[PDB]
Amino acid sequence: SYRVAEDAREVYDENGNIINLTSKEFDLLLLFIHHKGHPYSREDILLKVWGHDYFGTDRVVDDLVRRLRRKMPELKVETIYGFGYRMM
């Protein structure tokens, strides 16, 4: 339902509306779309999006996912309760 330009870091919906993701939102999108079905824990996402020296709340991951899903409601992201997220 989306055209994802990984060079321009832009997303276009099926009608050609531009969807502007932040850099972390785009990184998260790439984790999902190239690994469909894979269960990502919150820590897994943190290490790949925030890096190796972040020790704060994992609720930043939940926030990032919600922002991505509000910007891209047709994405088949699913919450894995108590664990993390996957995209089908």
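All Cβ positions, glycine included, derive from the backbone under ideal geometry; neighbour counts span all protein chains shown. A short reminder: the numbers here are calculations on the coordinates, not readings from a lab.
The loop-placed trypsin sites (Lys or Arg not before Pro) in the stretch 33-63, going by DSSP, that have at most 10 neighbouring Cβ atoms within 10 Å of their Cβ come out as 36. Computed over the chain, the P(r) tail beyond 20 angstrom holds 30 percent of alpha carbon pairs. Here residue 36 is the anchor, and the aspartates and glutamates within straight C-alpha reach of less than 13 Å, apart from those fewer than 8 places off in the same chain, are 78.
With +1 on each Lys and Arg Cβ and -1 on each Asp and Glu Cβ, how big is the dipole of the chain about its Cα centre, in debye rounded to the nearest 20? Let's see the in-between values first.
Details: 14 positive and 15 negative charges, 44 e Å.
Its charge dipole is roughly 220 debye.
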